[PDB]
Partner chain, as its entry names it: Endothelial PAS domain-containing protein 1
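Take a look at this single chain, the form solved without the partner chain, given in structure tokens.
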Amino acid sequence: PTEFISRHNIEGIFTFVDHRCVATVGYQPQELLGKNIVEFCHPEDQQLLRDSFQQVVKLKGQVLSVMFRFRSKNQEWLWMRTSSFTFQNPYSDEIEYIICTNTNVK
């Protein structure tokens, strides 16, 4: 396992994480759910990650990738590549979620 998929609200809160997060970043799903992904991001990378979330909602379903350091469970910084896109449905004007694929770089 190299990656896991997460669903976020527009502000960055984890609302679903697949069980591969254990092998990838060391956390059980319940240790991520309800928290903001930005809370696991190295301070120096935090604005970069915030901008990505603002930009991905403008791209309207097109994918945006970003790299940043993620705080693993054993308190080491892991280089992470996240590819993000918005999810919507056509009986709605609202962008409902952001879908992220979170891949451990090395």
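Positions refer to the first chain, counted from 1.
Beyond what is shown, the protein has a form solved in complex with the partner chain; the following relates to that form.
Trainee: Does at least one non-hydrogen atom of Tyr27 fall within 4.5 angstroms of the partner chain in the deposited complex?
Mentor: Yes - in the deposited complex, heavy atoms of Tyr27 and the partner chain come within 4.5 Å of each other.
Trainee: Answer with yes or no whether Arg69 is in contact with the partner chain in the deposited complex, where contact means some heavy atom within 4.5 Å.
Mentor: Judged by the heavy-atom cut-off of 4.5 Å, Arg69 is well away from the partner chain in the deposited complex.
Trainee: Mark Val38 yes when one of its heavy atoms lies within 4.5 Å of a heavy atom of the partner chain in the deposited complex, and no otherwise.
Mentor: Yes.
Trainee: Check each residue of 76-93 against the partner chain in the deposited complex and list those with a heavy atom within 4.5 Å, in sequence order.
Mentor: Only a single residue, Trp77, comes within 4.5 Å of the partner.
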